[PDB]
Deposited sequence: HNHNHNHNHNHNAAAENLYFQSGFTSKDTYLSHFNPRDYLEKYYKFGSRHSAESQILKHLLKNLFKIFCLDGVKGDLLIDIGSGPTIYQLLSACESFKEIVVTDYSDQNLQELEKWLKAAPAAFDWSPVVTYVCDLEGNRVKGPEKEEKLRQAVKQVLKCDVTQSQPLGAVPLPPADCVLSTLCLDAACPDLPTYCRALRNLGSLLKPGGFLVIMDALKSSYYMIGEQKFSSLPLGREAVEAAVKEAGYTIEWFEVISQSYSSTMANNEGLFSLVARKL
């Protein structure tokens, strides 16, 4: 009774997803602001840095990487959907048909103290992203046959509830992402709480409805130690999903 992963290849419209959730012109904008403040805190205020960050289930979005590119030499973006990766690549290659992230970029520049302007920030992100890869979090080797050095950080925003049909798969996915991480490496997860679906227009997608206790327990079971865990009550618009807030966590691999 859960969305099949092949539905992501064919029925997840990347430009419609961006239009629906990331236009930043709403509950969606309030959530985006909070996600950005947390990412800024992690990568710029806390010591989350290194040579390599792997972003898991990036979809067609870059917002989750804007603060990260200040702290990581290389960012690898990954997703199950080739269509999502193509939409991402349109922005990376600064193509005229690319999504306009400029209000989000400006917001991050403001958070970071206006040290740089939008164009410099976008260029820094474009230079950090060297690889755009296929991933499947449900597999023991999420990146398949593709070899990568162990990462300093694995980040995943709004992916794991959508990718995991049940709690045992969710715990296994956390172990699978851990295989990409160096010992003592950072795991950064942000996702919806108690959400059983989300919509992109008329297209419905399943979500695993987890509470904060189940998320914490799965992260400890998967071999991590939690540094901090935050719950926000703000939910997406009623037309989009049925979540009861969002969580953010930073953990280290044992």
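According to the record, C-alpha coordinates are lacking for deposited residues 1 to 22, 48 to 50.
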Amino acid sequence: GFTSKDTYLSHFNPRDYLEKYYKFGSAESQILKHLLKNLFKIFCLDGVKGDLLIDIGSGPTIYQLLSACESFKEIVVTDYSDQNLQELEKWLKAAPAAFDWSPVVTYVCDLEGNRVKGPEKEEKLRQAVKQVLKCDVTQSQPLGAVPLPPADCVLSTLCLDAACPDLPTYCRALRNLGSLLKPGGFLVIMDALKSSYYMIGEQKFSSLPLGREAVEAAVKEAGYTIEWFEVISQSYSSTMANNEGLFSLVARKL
From here on, numbers count along this sequence of modelled residues.
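Not even a third of the other compared entries skip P14; each one keeps it along with the residues on either side. Modelled in this chain, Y236 is likewise built in all the other compared entries whose models extend past it on both sides, so a third of them omitting it does not occur. Higher average CA B factor: 42 to 50, of the stretches 42 to 50 and 190 to 198.
For the pair 78 to 86 and 91 to 99, the mean B factor over Cα atoms is greater in 91 to 99.
Looking at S156, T106, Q139, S179, the one whose CA carries the top B-factor in the deposited record is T106.
For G245, the recorded CA B-factor ranks within the lowest third of the chain. Only modelled residues enter the ranking. The entry lists a Cα temperature factor for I232 that places it in the lowest third of the chain's modelled residues.
Per-chain ranking of the deposited C-alpha B factor places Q64 in the lowest third. Residue-level temperature factors show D166 in the middle third of its chain, judged at the C-alpha atom. Among all modelled residues in its chain, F12 ranks in the middle third by Cα B-factor.
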